[PDB]
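Read through the structure below, which is laid out as C-alpha coordinates, and then see the notes.
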Amino acid sequence: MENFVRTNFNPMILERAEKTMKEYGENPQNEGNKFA
(Lines give C-alpha, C1' and ligand atoms only; values in the text may rest on other atoms or scores of the structure.)
Protein backbone atom coordinates (compact mmCIF):
# COMPACT_ATOMS: atom_id res chain seq x y z
CA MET A 1 0.00 0.00 0.00
CA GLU A 2 0.76 3.68 0.24
CA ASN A 3 0.29 3.32 4.01
CA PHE A 4 3.10 0.78 4.32
CA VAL A 5 5.52 3.36 2.91
CA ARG A 6 4.59 6.03 5.49
CA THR A 7 5.21 3.49 8.26
CA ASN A 8 8.90 2.57 8.24
CA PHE A 9 10.55 5.12 5.94
CA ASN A 10 12.24 8.33 7.10
CA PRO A 11 10.98 11.94 6.97
CA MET A 12 13.70 12.59 4.40
CA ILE A 13 12.76 9.66 2.14
CA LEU A 14 8.97 10.14 2.37
CA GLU A 15 9.66 13.83 1.74
CA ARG A 16 12.09 13.15 -1.13
CA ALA A 17 9.82 10.46 -2.64
CA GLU A 18 6.86 12.86 -2.49
CA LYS A 19 8.80 15.53 -4.38
CA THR A 20 10.10 13.06 -6.98
CA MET A 21 6.57 11.70 -7.42
CA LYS A 22 5.08 15.21 -7.50
CA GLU A 23 7.92 16.04 -9.93
CA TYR A 24 6.49 13.49 -12.41
CA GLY A 25 2.95 14.61 -11.48
CA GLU A 26 1.44 11.75 -9.49
CA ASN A 27 0.03 11.39 -5.96
CA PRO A 28 1.48 8.90 -3.39
CA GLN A 29 -2.00 7.33 -3.25
CA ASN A 30 -2.50 7.74 -7.02
CA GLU A 31 0.00 4.86 -7.13
CA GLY A 32 0.95 3.16 -3.86
CA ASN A 33 3.45 0.91 -5.69
CA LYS A 34 5.68 3.56 -7.26
CA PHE A 35 5.74 5.43 -3.94
CA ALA A 36 7.18 2.29 -2.31
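Numbers for residues simply follow the sequence, beginning at 1. Values reported hereafter were calculated over all heavy atoms of this structure, with side chains retained and with hydrogens, waters and symmetry mates removed.
- A search for side chain to side chain contact (heavy atoms under 4.5 Å, CB included) contacts involving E2 returns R6, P28, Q29, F35, not counting sequence neighbours.
- Hydrophobic cluster membership for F4: none, as no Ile, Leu, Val, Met, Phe, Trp or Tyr side chain comes under 4.5 Å of it.
- Distance check, rounded to the nearest 0.5 Å: CD1 of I13 to CG of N8 gives 13.0 Å.
- Counting all heavy atoms, side chain and backbone alike, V5 lies closest to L14 at O-CD2, 3.5 Å.
- The distance from atom CG of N10 to atom CZ of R16, rounded to the nearest 0.5 Å, is 11.5 Å.
- For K22, there are no side chain to side chain contact (heavy atoms under 4.5 Å, CB included) partners two or more places apart in sequence or in a different chain.
- Legend: salt bridge (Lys or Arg N to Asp or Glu O under 4.0 Å) pairs involving residues 23-33, not counting sequence neighbours: none detected.
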